[PDB]
């Protein structure tokens, strides 16, 4: 069903999505470091940093992003970082435990259960759609290229980048889940759950600010 131009678009997206590496140096710390609330928090700081790093790298290569107004580019990057990040951490969580040690660190890092619980529900809610890489990539791109973010000046230029991505996803849903015609709608339904992390994340940041220190990049991406 994909047209030549849809294929071309899908390949660019996949090329860029696959260059995203969680560095070994960081995954190594998940086992190699001692556990305490402090060490765990440092590790998470570093992971969050890498997620945002990788988001920027992915974003800048999305077709048409470089043609956007430079202020709108920044608004999209800040607007989408939480959702993009939670989505990526789902993918990493579900594709060795390993996963187990990471889970343990998250659950001991000065984060209240009020936020941990939904985080892990979400990882489960994502994992039973059994999403392919293509689906993760396109969703991430759809999240990033949202015309509904605060401060955007030219919302139409964003919507024109986003819409084609949504078409490609709809067809992919029909090719990889031909027996479930509600799949596309389920993927989009998980986006509304993903959005609830904007509020949770701001609250986690607010309670961490009890003498705790953040990297430069996390300071800029979230204004803190």
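Positions refer to the first chain, counted from 1.
According to the entry, the stretch of the deposited sequence that connects residue 95 to residue 96 contains 1 to 3 residues lacking coordinates, which leaves a short gap in the model. The question of which stretch, 154 to 162 or 189 to 197, has the higher mean Cα B factor is settled in favour of 189 to 197. Of the two segments examined, 106 to 114 and 81 to 89, it is 106 to 114 that shows the higher average Cα temperature factor in the deposited entry.
Considering 60, 51, 29, 174 together, the PDB entry gives 174 the largest C-alpha B factor.
Per the PDB record, residue ranking by Cα B-factor puts residue 17 in the lowest third of the chain. In the PDB entry, residue 36 places in the middle third of its chain by CA B-factor. In the PDB entry, a CA B factor belonging to the lowest third of its chain's modelled residues is recorded for residue 72.
Residue 10: CA B factor in the lowest third of modelled residues in this chain (values from the PDB entry). In the deposited entry, the Cα temperature factor of residue 45 places it in the lowest third of its chain's modelled residues.
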